Each structure stands twice: as C-alpha cells, then as structure tokens.
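Notes for the one structure printed next.
Computed from heavy atoms alone, side chains included, the values below leave out hydrogens, waters and symmetry copies. Naming convention: chains lettered A, B, ... in sequence-line order (proteins, then strands); numbering from 1 in each chain.
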Amino acid sequence: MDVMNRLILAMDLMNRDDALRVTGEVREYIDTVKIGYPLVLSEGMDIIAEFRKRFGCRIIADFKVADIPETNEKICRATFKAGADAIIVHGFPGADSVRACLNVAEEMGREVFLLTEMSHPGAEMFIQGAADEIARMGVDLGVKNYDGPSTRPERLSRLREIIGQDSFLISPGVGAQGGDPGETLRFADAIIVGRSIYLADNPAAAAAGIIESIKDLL
Amino acid sequence: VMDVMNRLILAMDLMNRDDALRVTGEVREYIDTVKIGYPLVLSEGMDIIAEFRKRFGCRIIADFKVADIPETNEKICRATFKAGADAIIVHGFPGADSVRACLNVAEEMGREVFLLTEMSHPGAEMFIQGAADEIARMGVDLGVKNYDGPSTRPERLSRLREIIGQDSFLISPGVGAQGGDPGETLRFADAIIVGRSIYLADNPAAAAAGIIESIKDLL
Ligand SMILES: O=c1cc(O)n([C@@H]2O[C@H](COP(=O)(O)O)[C@@H](O)[C@H]2O)c(=O)[nH]1
Ligand SMILES: O=c1cc(O)n([C@@H]2O[C@H](COP(=O)(O)O)[C@@H](O)[C@H]2O)c(=O)[nH]1
C-alpha cells in the first residue's frame, strides 16, 4: 500500500460539510483517509463513496471490528459494499473472529488491518499484556497489515520486530496523544493523524508542517 | 432496571430494512426490547433506530461493541444516543478510561451503558476469558449497572453474576443458534438475547412463542 507522504488522515469530524471541507483543504498532502464511526454514524455509510468521488483517496474503515465470527462477517460485507478499501479489526476477540474478516476481505478484494495494541492509557490494563501474542496470531493467520501505538515507541518497535519488515504497519496517537511523527516512522510505514490536523486553525498548514518535520523520511 | 417483556431480547441482525421490519413486527407481541447492531445499521443507516421506534415503540439497545480510545468512544456514544438508542453495548477490554468515557456520555444524556465482559464464541478463550473477572470487577468499581455475558459457558455466566451482584442487570446472548439453553441461562441472566433462532425461522412468531413457552415458569 503506497500512502502519500506516509500520512493518513483520521477524519473524525462529525459533520459532512466540515469533514468534506477539511479533507479538501489537505487533499494535496494525502491520498489515504481513515473514516471511523464518529463520521459514519453521524452521516451514513454513503460518505465513503462521497469521499472517493470527491478526492479519489483510498479509504480505511476504522470500525474496530470486535464481534463473534458470524457478525464480523456481516460487518465486513456491509463495509466493503460501501466502498472501503480496508477495515481495522481487533485481535483481542481471538483468531476465529479475525479469520471471519480475512475471508470477506479476500472475497471482495480488500485488506484487513489487525489492531494489536492501542495507544491510550487504558490499553495498559488488558490489551498490552496480550499484544505480542495477538501479533503472533496475526502472523499465524497470514495477516500482512497491522496497527499499533505511536505513544509507546518501544511497543511499536516490538510489533515491527514480530511482524517483520515485509508487513505493513500504521500507527495512531501522533500529535494530540503525544506521539512524535518522525520517531513513529522509525517503525511504522505510515502515521495516522486526526486532531492535530482537523482541529487546527489551518489544517493545510498543520499537515504541511508535519510533513516538513519528516521530509527526510520521504 | 429496564422491564424486558418475557425476559427475551431480539437480536435483529438481518441486513435488509424490509426483512428486519417484517420479522420484528411479527414478534412484537412477544418482545418489547430489540438489540440493533452494525449488520443492520451499516446496511440501512442510523435512521433504522428511528423507524423501529416509530413502528414498534420497542426499547432499542445499540450493540456497537464500542472499543476505541476515550475520545472516540465519547463521539460514538453521542451519535448513538442522538439517534434514539436507549442503551449501548461497550467492550471492557480496552480498559477503564474507555469505559468511563461511555459512562460519562450516558450519564449526561440520560441513557445506559451495558458492559460486555466476556464473549460466547470459541475465540473468546484466547484472550478475553483470562481478563473477564477483572473486567467485570472493573465495571463494578466504575459503577456499571448493566452487563452482557455469554450463555454458552454457564460456569462463566454464573461467576459474572456473582461478581456483579443480584442488583445489577445482566443480558446474555448465544441462546439457540450457538447452543445456549434459554432456561439454564435465565438462572443467572435477567434476559436472554436470541437472534437466528427467531429471525431465520419460517415463522419467527412461533419461534419466539416456543422459546417463551419453554421458560414460562421463570416469568
Ligand atoms: O490505538 C488506537 C487505535 C486507533 O484506531 N486510534 C484512532 O486513531 C485516531 C487518532 O486520532 P487523533 O490523532 O485525533 O488522536 C482516532 O480515529 C482513534 O479512534 C487511536 O487513537 N488509538
Ligand atoms: O459474546 C457475544 C456477544 C454478543 O453481542 N453476541 C451478539 O449476540 C447475537 C447472537 O445472535 P444469535 O442468537 O443469532 O447467535 C449477535 O448479534 C452477536 O453479535 C454474541 O453472539 N456473543
């Protein structure tokens, strides 16, 4: 997956007008947008096609899929029908739940990203202790795309170690949550940035600035 | 606690508005509480909640298995309650701050949170099972009053009931299609959740009536 400027926009505004305007303002800097439930539950799944029509960006559906296999399959089908290129799935519910998502993705020509450790403080309670095992489970299942935390670079490095250099790794928690763009890109293929861009006075200048700070990383 | 008619909640996971409305309408005399999840919402929009309230006046539990960071959890809960959901189902495994975020929105908006502590499928044994007692205890410490736990593992469901106490409200899926028994589950749960056994039946009303007949002495 070739992500322009190694930068994925987390578009978590909850108003169609604002989301479209802000994404338009930063379009020259990105070609990959992560759309999650804040926007989808506010404006509907049709917003995905709207983004493809307006921006011709790739779309990652950040739906944190975390149900039983039967329901996961249905969620993946609905999501890919809406035009998402990829979907983010939790590993904590186990291998069968992940495999259900991999099956649908294969059937519809899409990608699954496995979320192995999360970036927020609460992740330390239960997820962190399972995270290495979840990553190994991903490897066992043939997962090639992973998602891990900018806010703990040593944990992100470990994730990279487990999955190897051939796997693709994206990482949220940059900016607002305290993660550093350049340090994160030591390990991740691409950084995910939400509030630092979409809540900025000037989103375009915010994106431009981030990219300036990592310019020697590409 | 919510007064669930016949201790039976419909898991409406059909993905077509026409079929979902037909089936729900057919069992309305037996069930006043409907669990709507992402299969239906991602297919038909959040306005499906509005349509169910307009058509049936049923209580709506939004089964969104909320499992994000606190800031995103807050946004999801706000959007969900804005749409008319009475309650939302939240994962505990992302930790206390993520759960608290949902509780805070529910409190502000006058709605309810159900904490999912453990799951019914085989994969739940890998990571969730080992954390479940602590996730449940965390819920109690946070003041969670409503819980969601698996019918397919009676011993686990019993332990969850112990942890949360008799005053807490507990709903339980995995009845029917996944092998859980209605009566046995209601030893511990306040209400059972049933999806496929009802919504894939040739006569969903007869399927619901049959389940209720089997637990008649427990009503
Ligand atoms: O561990 C994780 C996994 C996520 O998907 N996310 C998501 O990544 C984005 C982070 O956005 P922000 O840059 O505003 O903090 C949000 O959409 C959040 O839901 C995260 O923050 N931490
Ligand atoms: O542990 C759990 C938690 C759930 O929410 N569920 C949900 O409960 C319902 C079970 O439906 P069914 O009766 O068709 O097996 C589905 O909506 C599923 O997503 C579950 O099966 N197991």
Exercise. What residue pairs, at least two apart or across chains, pass ring pair (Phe, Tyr, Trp, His ring centres under 6.0 Å) with a residue in residues 68-102 of chain B?
Worked result: A:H90-B:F93, A:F92-B:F93, B:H91-B:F93
Exercise. In terms of heavy-atom pairs under 4.5 Å, which option from A:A95, A:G44, A:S42, A:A66 contacts chain B the most?
Worked result: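 With the most close heavy-atom pairs to chain B, the winner is A:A66.
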Go through [options] and name the one with the most non-hydrogen pairs under 4.5 angstrom from chain A.
| options | value |
| --- | --- |
| B:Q129, B:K65, B:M126 | B:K65 |
| B:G37, B:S120, B:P122 | B:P122 |
| B:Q178, B:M138, B:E134 | B:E134 |

Seminar exercise, completed: Within residues 187-201 of chain B, contacts to chain A at heavy-atom distances under 4.5 Å involve B:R196, B:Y199
For this session: Check whether any side-chain N or O of A:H120 sits under 3.5 Å from a backbone N or O of B:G95 as a donor-acceptor pair, and report yes or no.
Result: no
Which region of [X], side chain (C-beta onward) or backbone (N, CA, C, O), has a non-hydrogen atom less than 4.5 Å from a non-hydrogen atom of chain A, or is it both or neither?
| X | answer |
| --- | --- |
| B:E74 | neither |
| B:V66 | neither |
| B:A124 | backbone |
| B:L116 | neither |

Exercise. Say you draw a straight line from OG of A:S97 to CD1 of B:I128; how long is it, rounded to the nearest 0.5 Å?
Worked result: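 Rounded to the nearest 0.5 Å, the OG-CD1 separation comes to 7.5 Å.
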Exercise. Does A:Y37 have its ring centroid less than 6.0 Å away from the ring centroid of B:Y38?
Worked result: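 Ring centroids of A:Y37 and B:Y38 are less than 6.0 Å from each other.
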Problem set entry | Residues, nucleotides or ligands: over 12 heavy atoms within 6.0 Å of A:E161 CD |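 It does: A:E161 CD has more than 12 such atoms within range.
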Problem set entry | Identified side-chain contact (heavy atoms from CB on, under 4.5 Å) counterpart of B:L42 within the set A:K81, A:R77, A:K74, A:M45 |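 That would be A:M45.
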